[PDB]
Each structure stands twice: as structure tokens, then as C-alpha cells.
Amino acid sequence: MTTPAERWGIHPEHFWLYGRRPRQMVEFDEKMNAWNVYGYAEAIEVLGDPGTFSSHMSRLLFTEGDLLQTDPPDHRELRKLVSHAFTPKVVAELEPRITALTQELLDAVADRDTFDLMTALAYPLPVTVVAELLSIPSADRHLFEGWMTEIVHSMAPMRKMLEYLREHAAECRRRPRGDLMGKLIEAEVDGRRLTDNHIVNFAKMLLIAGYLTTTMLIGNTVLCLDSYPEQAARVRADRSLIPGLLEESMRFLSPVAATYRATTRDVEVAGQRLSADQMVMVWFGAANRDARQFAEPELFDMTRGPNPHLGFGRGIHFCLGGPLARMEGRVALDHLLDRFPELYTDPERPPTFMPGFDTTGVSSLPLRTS
Ligand code: HEM
Ligand SMILES: [Mg+2]
Ligand SMILES: [Mg+2]
Ligand SMILES: [Mg+2]
Ligand SMILES: [Mg+2]
């Protein structure tokens, strides 16, 4: 069966998408001036040692409040403080709103013969969750819909969004409430109250981290359903397969193909000697194709497994929006299949993908009913 990668030429440089093995699981590149980690076990080792493999990228050369760029102990405190807003409890509380939105979005395309799934369902979806968590007024949510689209399209839309979030942080200081913003106002990291800049960077981080990759998740999954008809038929007849389907979609096409790490000391990984102050690229996409961990990794199999892929990552930085992303993917797919009995890709209007080399996901997906 022809994979999505072979059908449309998804990231030809991503050799693992075409069943090709890396010569070594840890390889240095002179052109990139960075170490590449391709193996599953080696990835877990790198991700499991944040003291050696820092997340603070500025070391190799503003980021305060941004969890992605923060190491322990500051990371430990800041994550612990915001953890409550990402639990399965918050997932269940937000589901009816996202369900309603999914219905509304699919009402618009219900009678269409052709439609782009990305612009119809995938793009106008993920903002709502983050907007709810950041207590963005419902009237200002359209602004974030526009801003996030522009940044995806390509500095100017980012400037306006940061400008809004600065005043939003100052407004929430005048309005005390038991939400995520309110807890950030009363928060203490390193024995110090977080300034507006800390909260702005956190808000910016959350918006970026909760948008494009969720969009890629929706796109990639439908792309996989179109490539595997026998498996897609089982999904329509058994909707309880959807959670497993989404997990495999992330293994097969990891929206975040790689994350970045920086060495703090001389370290040996898989016999390779890494020097201090060097960039390390941890390829989630490559690690998800490791046959030492996954049986027949070249095959798409929704029935895995359990499926311990690295699409959400691994370690202390493990995706906080993990539970929220799976839910958003589930609701989007379930209702999409309910509304459209038949969905097909168009050879005349082929799907396009994000150019980013550290990503693997759909940018546009034209669909037809017959
Ligand atoms: C399917 C879509 C998604 C993908 C591909 C994805 C990818 C990731 C990955 C791989 C990490 C770990 C990063 C690392 O180790 O360096 C992560 C953490 C994070 N994610 Fe998820 N994610 C997704 C959904 C979300 C959602 C729904 C949110 C929230 C709205 C979110 C916001 C974050 C934030 C703020 C972090 C940083 C947490 C930390 O550093 O402790 N991402 N995202
Ligand atoms: Mg910095
Ligand atoms: Mg700086
Ligand atoms: Mg099949
Ligand atoms: Mg769920």
C-alpha cells in the first residue's frame, strides 16, 4: 500500500519516511553545525537529561516565562503552577464548546462538493482552547484567528499580538479571578513574582504551541485515512478507533519532526563524543520509525499498541496540551466522518505541506465528496 509520503512527496530529505535507515543513530553534520539524533533510545536519553541537554537555546549564541526555553529549577516551578489548566478535567469542561464549534464549522461546508479541509475545519479550530485558557474575551478571539493565520502563511502580525497580550496581562491584574491568568499574577518563580513580560512570553508560547501542530494533526490523519481505505472503513464503522488512529498519525507523520537541545558539558551518546556548547537536534519523526521500538515501523497501523511515539515528546517538557490535542483531534474527525459519508483527495488539486524542515504536516488539503 502506497504511503502518503510516496503519494505526494512529503519531505524527501526525511529519509525515515521512505523506510531508509540512518547510518548511525547519532550523527554530526558540518553543514548544519549540529548533532542529529535519529534513534528512539538515544532520543529518550537526551530528553531524559535536561541538565546536560539544555532547552535554553540562547546558550549557543525575552525567553523568561517560556517553558520551552526554560530549564529546571525555574521550569519545575512554572510547569507545576500551570499544570492544573491542562488536566483531563479541563479537557472535559471544554469539550462541549469545541464540539459546538466543530458542528458550526462543518455546517458551512455540509452542502459543498469540494472544500479545503484546512481552511474549513483545521485552521479555525485550535485558537478557541488556548483563548479559553488565557481568558481572552470572546470578542477579541477573531484577532487571534487572523494573527495565527498570518504567521502560518509566512514579524508584523506577531508585533500586534504581543502588543495585545501586554495590555491583556495588565488588565488581568485589575480583574482578579481564579483562572490561569490569575494564578500567573499571584505566581512565584525563583522566590519572585512574575512580571508582565513573563506572562506575555508564556501566553505567546501557549498560542504558538497549541495552534499549528494541532492543525497538522487533523490534516495528517485525514491524509492517512485517504491512503489506507480498509483501515478508514473500520474507523467509520467503529469510532472508538479514532484515539488510536490519531496516535499512529503522530507516529507516522510527527507534526514536530524535531526539537532542539544544547549541550552543557562533554557527553557521550551511543559511542559518539559530543562537545560542550553544541546544538543537538532530536528527531521525533526519525525516532518514531525506529524498528528497535516499533514492529514494522514503515507500516501505518491504527491498532497500536500501546503506541509510545514521541509526537508529544518525552521528559520534563512533555506536551502539556497532550490531553487537549487528542480531544480536539477526536472531535474534529468524528464529526467530519458524520457529516461526509465519502471523502477523497483530488489529483488535480494536490495537498500541500509546511516548508519547515523540522516539521511534517499538511498545509492545505482539498477534498471532494464524489
Ligand atoms: C498535535 C499537536 C501538537 C504537537 C505536534 C505538539 C508538540 C509538542 C512537543 C513535541 C512538546 C515537547 C517539546 C520539547 O520537549 O521540547 C510540546 C510541549 C508544549 N506544548 Fe504541545 N503539541 C501539540 C499540541 C499542543 C496543544 C493543544 C497545546 C496547548 C494549547 C500545546 C502547547 C505546548 C506548550 C506551551 C509546551 C511547552 C511545555 C514545556 O516546555 O514544559 N501543544 N508540544
Ligand atoms: Mg534566552
Ligand atoms: Mg536576549
Ligand atoms: Mg488499509
Ligand atoms: Mg480525549
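Atoms within each ligand, like the ligands themselves, are counted from 1 in listed order. Throughout, numbering of the chain's residues begins at 1 and tracks the sequence.
Heavy-atom minimum distance, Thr360 versus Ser254: CG2-O, 2.8 Å.
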CA sep, side-chain torsions, deciding dist, call: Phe144, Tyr164, ring pair (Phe, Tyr, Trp, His ring centres under 6.0 Å): CA-CA 10 Å; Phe144 289 89; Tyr164 178 97; 5.2 Å; yes

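Protein N/O/S atoms found under 2.8 Å from the Mg ion (ligand 2), listed by chain and residue number: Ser58 OG, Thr63 OG1.
Open room surrounds CG on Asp111; 12 or fewer heavy atoms of other groups in view lie less than 6.0 Å from it.
Side-chain contact between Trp283 and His14 is present, with at least one heavy-atom pair separated by less than 4.5 Å.
The cationic atom of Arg289 (NZ for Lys, CZ for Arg) lies less than 6.0 Å from the six-membered ring centre of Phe252 and within 45° of the ring axis. Under the 6.0 Å distance and 45° angle rule, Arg251 counts as a cation-pi partner of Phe294.
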